[PDB]
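Each remark here refers to the structure printed beneath this line.
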Amino acid sequence: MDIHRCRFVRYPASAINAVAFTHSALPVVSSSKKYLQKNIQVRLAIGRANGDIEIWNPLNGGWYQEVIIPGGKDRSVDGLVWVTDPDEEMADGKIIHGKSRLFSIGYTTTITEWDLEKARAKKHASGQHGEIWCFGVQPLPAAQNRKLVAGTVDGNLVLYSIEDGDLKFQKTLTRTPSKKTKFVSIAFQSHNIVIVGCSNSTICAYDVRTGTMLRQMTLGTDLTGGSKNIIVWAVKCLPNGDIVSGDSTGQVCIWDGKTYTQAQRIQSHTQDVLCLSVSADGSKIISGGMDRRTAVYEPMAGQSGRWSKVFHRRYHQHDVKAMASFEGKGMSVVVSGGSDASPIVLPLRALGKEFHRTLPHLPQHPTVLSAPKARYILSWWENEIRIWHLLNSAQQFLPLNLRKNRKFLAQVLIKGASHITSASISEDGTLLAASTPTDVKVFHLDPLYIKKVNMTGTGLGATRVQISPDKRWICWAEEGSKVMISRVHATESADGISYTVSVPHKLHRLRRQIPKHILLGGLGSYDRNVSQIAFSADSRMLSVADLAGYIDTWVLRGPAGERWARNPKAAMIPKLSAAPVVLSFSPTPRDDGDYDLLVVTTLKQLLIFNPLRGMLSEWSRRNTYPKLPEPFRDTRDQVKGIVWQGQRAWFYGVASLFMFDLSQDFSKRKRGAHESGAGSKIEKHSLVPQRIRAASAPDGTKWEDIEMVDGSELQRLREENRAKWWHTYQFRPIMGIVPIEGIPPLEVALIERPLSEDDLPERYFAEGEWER
Amino acid sequence: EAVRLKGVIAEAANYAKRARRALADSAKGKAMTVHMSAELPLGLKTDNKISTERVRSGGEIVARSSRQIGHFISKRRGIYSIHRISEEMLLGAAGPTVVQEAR
Amino acid sequence: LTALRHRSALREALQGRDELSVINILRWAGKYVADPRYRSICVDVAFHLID
Amino acid sequence: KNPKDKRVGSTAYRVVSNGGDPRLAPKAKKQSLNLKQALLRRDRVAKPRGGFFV
Amino acid sequence: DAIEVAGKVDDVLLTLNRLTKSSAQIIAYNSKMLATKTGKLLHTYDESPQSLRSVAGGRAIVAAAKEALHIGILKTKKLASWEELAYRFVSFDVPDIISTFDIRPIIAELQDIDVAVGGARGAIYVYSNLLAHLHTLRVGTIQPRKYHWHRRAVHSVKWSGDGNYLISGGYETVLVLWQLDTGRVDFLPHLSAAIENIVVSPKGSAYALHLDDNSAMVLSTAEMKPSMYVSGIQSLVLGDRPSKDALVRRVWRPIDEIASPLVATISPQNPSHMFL
RNA sequence: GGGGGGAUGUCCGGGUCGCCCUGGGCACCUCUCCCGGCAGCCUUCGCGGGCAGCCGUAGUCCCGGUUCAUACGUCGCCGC
C-alpha cells in the first residue's frame, strides 16, 4: 500500500469548557444485582467553546464519542447541567429510571434546553437579568418540583423552574447591593441552601425558600500581585456539610458549613484554581488550575475535617478549565477538559495506582473524505469546506516537487449562521453534499467552478449524508432518527452535465420490540438516531446503523420505476451488543449476488454479514472474537474507520493502524485485572507500594504476600465446517485515512493532526509565576 | 588568505562528515531531516540520532522510553511525506520507503 | 554576559529568541566586537548566535 | 443582519427582528466573553507566541 | 532503646550488621548479653540495608532497606520475660531510593507512628499512619504524601517537635520548612554549603545543623541566626560514607577523590594562624 | 570502531555458461569476540576479585511524552 502523510489540514481545536455526567453516583450493587443496574444509560456531555456539545459513552472503559451537536458562528458554551429524576416504580414492580435532560448557557441571558433525540436545541428561556455565568440544579431532598438556580453578572440570583418538560423564568431570589458584584460559581449545600462564589472576594450562602442571605464568607486580598480582589472561581460541597472553594490565589479553602466559616486554607497552585471535583463519599478532592496543574487532596489522619495535598501533576497542556466526576457500575473516574481540546480521564478510587488517559481531541467521525477518481481529499469545520487536489501519484517520486504536488484547490463557504454537520462526495467528485442542522445543499463541481444545486422539501436539516457511487441517490439522516433518500436525475446537454434532485421520498424504519419502561426511562429514544449510513458498491443496497446496535438495510427494486424497499431479512439481522462504530459494504462482490457487510462495534467486535441471507458469513462463523489478534483486542481505542482492498481490510483508530487478511484464519495488557475506567495498572513508578510482604519466622525465610485492597462442541462443529495481520502505532494523531487511485495496489492519504503551542491559545504570566 | 580558506574548508568538511553519518542513517530508515540538492543548506546543520538517555530532575540520567522517541520522531517529521509500505514490511522483515517535503 | 558565561547558561539565554530580538543581539555584538576589552565575550555570543 | 431604524423625526419606525435563532442556539455576547477573559488575565502578559517569525 | 526487662528499664542495643553483602540482620543486646557476646536475633532482610531507628520505648522499630522499608512492632506488651522479645515485621517498597528518614510517635502508650522518608530522587514522602494501617491477609491502601522541592538528594528530613513543621535540608544549601498544615513552604536559603545533617533539641526551640563544610550551628527558631557556631579544618576529605546523592546516576557522579595538594600557608607574625 | 565469516543487490575480463565465482568496486541483515557505558548476586572493613549479564539504537494498550528554582528583617530624599 502507498501512503501520503499529510499534516497541512489545520483542524481548529476548540477549548473545552464544560463537562457533566448524567448521574453523579450510582448506588453500589453486588454481582447479584447486575440485572438491577444493566439498563441505565450513563452519558457524558462535553461543551467546547465553539458551541460544540458532544455526548460520549464511558462503555466501562471504552470511551466512545457518540454524538456531535455543533452550534453556529459566535456561540460558546459555559455550563452543562444534567437533571436526573429519581427511580420511579411501575405498577408491576418494573423500574423506570429518571428522564435526563440537558441544559446549557452560552454567555447569554438565556438558558437553552437541548433535545438529545432531535440532536438540536429544544427550548430557550430568558428572563430580564444579566447574562448568565453559572448555574446548578437543586438536588433531591421536592420530587416533582426541582428548580435551576442561576447566578449571573449583575448579581441577581435568577431562579428557573422545570416541570413536565417546561422551561420558564420563575423569579429572582435576590440581588447583591453592589452592582459590580459578579457571580462566578454556584453549588448547593443541601436542598434549600445555595453557595455562590462572587468576584468581590466573596462566598455568599443564600437560602432558597425565603430567598434570604444566611451568611457571607469572605477572603482577604491577594498578596501575590496587584488586583486587590480575589475571585472564587469554583465551589463544591462535601457530603458532610463542608464546602470546598477554589479561588484566585491558587488556594483551596475548606469552610465548615454548620457555621459557614473557614477551617483550612491550602496553598497549592501558582495561578488561579479553575475547577474542583469531589469524591462521592467525600474523601478525595481534585483541584484543577490555570498552572495546567491538577492536585489531589486527602484527609489527614488524626484530627477531623483537616485536609492536605497528597500530590500534584501537570496532566493537560493548557489551563484545566473544567472537570466532573463519576462513581458507578464498578467505575470511578473523573474527566477533566482543558483548553487543549483533549479530555483526560483519571481513575478516582485507584488514583496513583492506574494511569490516566487522554481521549482523542479529534472527532470520532473521520471528518475526512475523498473522491479517489478525481484525487480530491476534502475536510470541513465551522463554516468552510476545504478541498485539496493531489495532481500526481507517488511512484513518480520513488524531494523538491512535493510542495507543488499538494495543492490548496478550493474553499467552499456556506452562508447563514449554522455549521456543517455532515458532508459527502461522489466518486468522481462532481457531486458534493453538505448538511447543516437547518438545511442541506448540493454543490456541483466543475474542473474550479462550483454551483449550488438546490434541494427542495427540506428545511429541517440533517445529521448524516451519503451519496451513491453511481451518483443517483442522495441519502441523508434528518433529525437524527428520520432517514430520507432522494433520487437525482442527471441530464446531459451541449454545455455539459446538469443535476436535478427530486422531492425527498421518505423510507420507513423497522418497528423494533422495545419495552415501555426502557422507552420511557433514561434518555428515551436517544439511540434511535442513526450513526452511520452506507451504500453497497453498486448502490443496490443501503444500510443505516443507530447508536443502539440495530442495523437496518434496504434493497432497491426497479421498474424512474426504482424504489427502495425493506429487506425481508432485516428482521433477522440482530441487534449488536453495543454501538456499531464502523459499517460498510464490500467493494469486491461475492459469487451468489449477495454482499459482505463488514461491521465493527465499540467492543472491538468484528463481523461480516450476509444481508440477503440474513445470517453471518461463514468466515464470521469461523472467526469468533477470541480468535482476533491480541494487539487488536487490547487497543483501548475506538476504530475510527476502515479502508478496503481485495482480501486485506485496514482499520484505523486514532493512534493505531491495522490490516487483516479476510481470506485466512487466525491462530502487555492483562485480561483478568479488574481496573477502573481509565487505563492499566502502574508497573514502575507509583506512589502506592506494590509488594507488601509480611515477615514471620525471624530468620527471614518464611514470607507472606499481603494484598492491598479496600463453546467446545460449537468450535468442533465450526471446524468440521472446514496468518496475515499487521499492526502499527507509528501514525499517532490520525484523523483521516482515505483511499485514492490513479489484493490490488492502492494509494491513501493519512491526514494527521498533532497539536502544538501555536494551535493552543496563549498562556499568560505575571511576574511571579514564570514557568521553567 | 590561507587562514581564510582553512576556516572555510574546515567547516565544510565537518558538515560533510555529519552528512555521511546522516545519509547512512537515512538509508537505514531512521527518518531524519536530510538535504538532497547540490547547494548547501544555509545553516550547516543535520539532525543527529535521538539519544537513548534523557535528563531528569535534578541531575540524574535515565534511559529514554520508546514512547518518547516516537513522540520526537513524529515531531521531527514534516508537513507532507510519502511513506510507502512494502510486503516485506507486512511480513516484518524490511523497512519502509520515505521521502519528506524538503523544509 | 560574563556572569552568564561563568554559569554554564549562555546557550540557555540565547536559544529561545525571536526575530527582532535576535536582530537586536546581533546588532549589539556587531557594535561592540571592536573594543578589545570585551572582544572575548562578544565573539563567544557571536559563535553561539551563528550556531 | 437586521435593518436599521428609520426616523421621520418625532417617532421611530423599526422592523422587529427575530429571525436569527430559530432552533439552533442563541448568540454569545462578545462583551461578556471579553469580560470573563479579562478577569482570567487581569494583569498578566502572554509569553512570546511562536518560534521564529516576524 | 530504653526498655523494661521485668521491672527495671535499661539499655538495649539494636545493631544492624551484615551476613552477606546485599543482606543484613538485626541483633539486640543487653549489657549481660553483650558481655557473653550472644544476642537476640530479630529480623534478617535481604535488600541492601541502610539504617535502623527505633521509636521511644522499644515498641516500634524501623529498618531502611534501599527501595523498601521494614516496620517492626513487638508482639507482646509489657515485656514479661526477656526471652520473649519478638518483633513481627512488615515490609513494603517505597517508590524511591531511601536517603534519610525521620519517624515521629503519636502518643505513654504508642498509638501510631508517622514517618517521613526523604528519597534520593529529591522527594520527601510522608507516610501518615503506619501502625494503624498495618495492625490488621489484607491491608487497606496507603498513599504517601509527596513533597518535592529539592533537586538533588535530600540529605536530612526531620519533624519538628509538635509536628507542625517538616524541616529538611539538601544540597541546594537551603533549610526548607514545610508548613504541613497549610500547603506552604518557608525557608532559610543561603547557608555556606550542603545541609548534611540536622537535629532538633528536646525543647522545640533549637535546631542544630551539621554543615558539609566541616561545621555545625545551633540556631534558635524564628531568630534564625546561629546562636552557636563551630567550624573545623574544611580540607578535602575522603568520606567513608560516600555520598547521599551519588546513588541515582547523576550527570557527574561525585567521587571520593583527591586531585591536587592543599594550598596552605602558615602565616608569619601570627604562626598559630594558617591560611588555606 | 577492528577482525573475520553466513546471506542480500550490482557493473567491468568474464566462464561450458550457470548454481555463482575469482580479480576490482561495493551498501544492507546475521554470528563472533575486543571497546565505551550501565546494572544485579557473592567475597573483602575497603582496595580489588568472581558469576550469568544487558545497552551502544528507534515510533507506544493507556502511560515518567511526568516530578523539580533559593526567605525575612524599612522605605523615601538629598550630599560627599
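By order in the C-alpha cells, chains are A, B, ...; within a chain, residues start at 1; ligands start at 1, following the order shown.
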Proximal residues of chain F relative to chain A (only C-alpha atoms (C1' of nucleotides); 10 Å) as a ChimeraX atom specification: /F:59-64,66-69
With only C-alpha atoms (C1' of nucleotides) counted and 12 Å as the cut-off, give the residues of chain F in contact with segment 218-224 of chain E, each with its shortest interatomic distance in Å and the pair that gives it, as JSON lines.
```
{"residue": "F:71", "atom": "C1'", "partner": "E:224", "partner_atom": "CA", "distance": 11.1}
{"residue": "F:72", "atom": "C1'", "partner": "E:224", "partner_atom": "CA", "distance": 9.6}
{"residue": "F:73", "atom": "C1'", "partner": "E:223", "partner_atom": "CA", "distance": 10.4}
```
Spatial neighbours of residue 43 of chain F, max dist 12 Å, only C-alpha atoms (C1' of nucleotides), sep filter under 2 positions, as a PDB file with N, CA and C atoms (P, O5', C5', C4', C3', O3' and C1' of nucleotides), in the first residue's frame:
```pdb
ATOM      1  N   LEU E  19      25.493 -10.165  57.009  1.00  0.00           N
ATOM      2  CA  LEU E  19      25.903 -11.554  56.890  1.00  0.00           C
ATOM      3  C   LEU E  19      26.273 -11.920  55.466  1.00  0.00           C
ATOM      4  N   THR E  20      25.645 -11.294  54.482  1.00  0.00           N
ATOM      5  CA  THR E  20      26.127 -11.273  53.111  1.00  0.00           C
ATOM      6  C   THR E  20      26.347  -9.813  52.738  1.00  0.00           C
ATOM      7  N   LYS E  21      26.557  -9.551  51.449  1.00  0.00           N
ATOM      8  CA  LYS E  21      26.699  -8.160  51.042  1.00  0.00           C
ATOM      9  C   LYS E  21      25.359  -7.446  51.006  1.00  0.00           C
TER      10      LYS E  21
ATOM     11  P     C F  41      22.044  -7.130  44.549  1.00  0.00           P
ATOM     12  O5'   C F  41      22.301  -8.639  44.962  1.00  0.00           O
ATOM     13  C5'   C F  41      21.508  -9.670  44.398  1.00  0.00           C
ATOM     14  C4'   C F  41      22.309 -10.929  44.248  1.00  0.00           C
ATOM     15  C3'   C F  41      23.435 -11.073  45.248  1.00  0.00           C
ATOM     16  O3'   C F  41      22.980 -11.549  46.497  1.00  0.00           O
ATOM     17  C1'   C F  41      24.242 -11.551  43.081  1.00  0.00           C
ATOM     18  P     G F  48      39.706  -0.043  43.373  1.00  0.00           P
ATOM     19  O5'   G F  48      39.426  -1.606  43.291  1.00  0.00           O
ATOM     20  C5'   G F  48      39.943  -2.387  42.226  1.00  0.00           C
ATOM     21  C4'   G F  48      40.537  -3.674  42.735  1.00  0.00           C
ATOM     22  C3'   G F  48      39.955  -4.952  42.161  1.00  0.00           C
ATOM     23  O3'   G F  48      40.432  -5.274  40.872  1.00  0.00           O
ATOM     24  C1'   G F  48      40.063  -5.160  44.485  1.00  0.00           C
ATOM     25  P     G F  49      39.424  -5.915  39.799  1.00  0.00           P
ATOM     26  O5'   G F  49      39.142  -7.379  40.355  1.00  0.00           O
ATOM     27  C5'   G F  49      40.189  -8.329  40.474  1.00  0.00           C
ATOM     28  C4'   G F  49      39.720  -9.579  41.169  1.00  0.00           C
ATOM     29  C3'   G F  49      38.582 -10.315  40.493  1.00  0.00           C
ATOM     30  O3'   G F  49      39.001 -11.101  39.398  1.00  0.00           O
ATOM     31  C1'   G F  49      38.099 -10.103  42.776  1.00  0.00           C
ATOM     32  P     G F  50      38.044 -11.244  38.120  1.00  0.00           P
ATOM     33  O5'   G F  50      36.925 -12.270  38.601  1.00  0.00           O
ATOM     34  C5'   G F  50      37.282 -13.589  38.982  1.00  0.00           C
ATOM     35  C4'   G F  50      36.132 -14.319  39.620  1.00  0.00           C
ATOM     36  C3'   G F  50      34.881 -14.463  38.774  1.00  0.00           C
ATOM     37  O3'   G F  50      34.963 -15.520  37.840  1.00  0.00           O
ATOM     38  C1'   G F  50      34.284 -13.744  40.928  1.00  0.00           C
TER      39        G F  50
END
```
If we count only C-alpha atoms (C1' of nucleotides), what is near residue 47 of chain B at a cut-off of 10 Å, once residues fewer than 3 positions away on the same chain are taken out, given as a list in words? residues 18, 19, 21, 22, 31, 32, 33, 34, 50 and 76 of chain B
Pairwise distance for atom CA of residue 399 of chain A and atom CA of residue 4 of chain A, rounded to one decimal in Å: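 Answer for the atom CA of residue 399 of chain A to atom CA of residue 4 of chain A separation: 13.6 Å.
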Listing only residues of chain A within 8 Å of chain D, what is the closest atom pair and its distance in Å (to one decimal) for each, using only C-alpha atoms, sorted by chain and residue number ascending, as a tab-separated table?
```
residue	atom	partner	partner_atom	distance
A:71	CA	D:25	CA	6.4
A:72	CA	D:25	CA	7.3
A:73	CA	D:27	CA	8.0
A:74	CA	D:28	CA	5.9
A:75	CA	D:28	CA	4.7
A:76	CA	D:28	CA	6.0
A:106	CA	D:28	CA	5.6
A:107	CA	D:28	CA	5.3
A:108	CA	D:28	CA	5.7
A:110	CA	D:26	CA	7.4
A:112	CA	D:25	CA	7.2
A:120	CA	D:24	CA	6.2
A:121	CA	D:24	CA	5.7
A:122	CA	D:23	CA	7.1
A:123	CA	D:23	CA	7.9
A:131	CA	D:32	CA	7.4
A:227	CA	D:42	CA	7.3
A:418	CA	D:24	CA	7.5
A:437	CA	D:24	CA	7.4
A:438	CA	D:24	CA	7.9
A:757	CA	D:50	CA	7.3
A:758	CA	D:50	CA	6.0
A:762	CA	D:46	CA	6.4
A:763	CA	D:46	CA	5.7
A:764	CA	D:46	CA	4.3
A:765	CA	D:44	CA	4.8
A:766	CA	D:44	CA	4.5
A:767	CA	D:44	CA	7.9
```
Name all residues at most 10 Å from residue 77 of chain B (count only C-alpha atoms (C1' of nucleotides); drop same-chain ones fewer than 4 positions away) and give them as a list in words.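 Within the cut-off, the hits are residues 5 and 7 of chain A; 31, 32, 33, 72, 73, 81, 100 and 101 of chain B.
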Write the residues of the preceding selection, restricted to N, CA and C atoms, as a short mmCIF file (atom, residue, chain, number, x, y, z; two decimals), in the first residue's frame.
```
data_model
loop_
_atom_site.label_atom_id
_atom_site.label_comp_id
_atom_site.auth_asym_id
_atom_site.auth_seq_id
_atom_site.Cartn_x
_atom_site.Cartn_y
_atom_site.Cartn_z
N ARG A 5 1.66 11.01 3.96
CA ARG A 5 1.48 11.65 5.25
C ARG A 5 1.18 13.13 5.05
N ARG A 7 0.05 16.68 7.04
CA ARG A 7 -0.14 17.45 8.26
C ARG A 7 -0.67 18.85 7.99
N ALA B 31 14.75 8.01 9.40
CA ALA B 31 13.80 9.07 9.02
C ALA B 31 14.10 10.38 9.75
N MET B 32 15.24 10.96 9.40
CA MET B 32 15.60 12.29 9.84
C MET B 32 15.48 13.29 8.69
N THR B 33 15.76 14.55 8.99
CA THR B 33 15.63 15.62 8.00
C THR B 33 16.93 15.75 7.23
N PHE B 72 9.17 12.29 19.63
CA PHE B 72 10.13 13.19 18.99
C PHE B 72 10.26 12.92 17.50
N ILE B 73 10.09 11.67 17.07
CA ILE B 73 10.18 11.38 15.65
C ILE B 73 8.99 11.98 14.91
N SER B 81 4.63 14.01 3.33
CA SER B 81 5.62 12.95 3.19
C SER B 81 4.96 11.73 2.58
N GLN B 100 10.24 12.93 2.43
CA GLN B 100 9.53 14.03 3.05
C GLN B 100 9.79 15.32 2.28
N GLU B 101 8.86 16.26 2.42
CA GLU B 101 8.99 17.55 1.77
C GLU B 101 10.17 18.30 2.38
#
```
Using only C-alpha atoms, select each residue of chain C with any atom at most 8 Å away from an atom of chain D, and give the selection as a PyMOL selection string. chain C and resi 16-20
For the residues selected in the previous step, produce a file with C-alpha atoms as a short mmCIF file (atom, residue, chain, number, x, y, z; two decimals), in the first residue's frame.
```cif
data_model
loop_
_atom_site.label_atom_id
_atom_site.label_comp_id
_atom_site.auth_asym_id
_atom_site.auth_seq_id
_atom_site.Cartn_x
_atom_site.Cartn_y
_atom_site.Cartn_z
CA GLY C 16 14.67 30.86 22.67
CA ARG C 17 14.79 34.21 20.95
CA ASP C 18 12.57 35.80 18.31
CA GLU C 19 13.46 37.58 15.05
CA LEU C 20 13.55 41.19 16.24
#
```
Which of these, B:59, B:92, B:41, B:78, has the shortest distance to residue 727 of chain A once you count only C-alpha atoms?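 Closest to residue 727 of chain A of all the choices is B:92.
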Distance cut-off 12 Å, counting only C-alpha atoms - which residues of chain C neighbour chain B? Return them as number ranges by chain. C: 49-51
Please dump the current selection as a CSV table (one decimal), in the first residue's frame; keep N, CA and C atoms.
```csv
chain,number,residue,atom,x,y,z
C,49,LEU,N,25.5,32.6,18.5
C,49,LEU,CA,24.4,33.1,17.7
C,49,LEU,C,24.4,32.5,16.3
C,50,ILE,N,25.6,32.4,15.7
C,50,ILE,CA,25.7,31.8,14.4
C,50,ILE,C,25.3,30.3,14.5
C,51,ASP,N,25.6,29.7,15.6
C,51,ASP,CA,25.2,28.3,15.7
C,51,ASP,C,23.7,28.1,15.9
```
Residues of chain A within 8 Å of chain E, only C-alpha atoms counted, as JSON, numbers by chain: {"A": [264, 265, 266, 267, 268, 300, 301, 308, 309, 310, 311, 685, 686, 687, 688, 689, 690, 691, 692, 693, 694, 695, 696, 698, 699, 700, 706, 707, 708, 709, 710]}
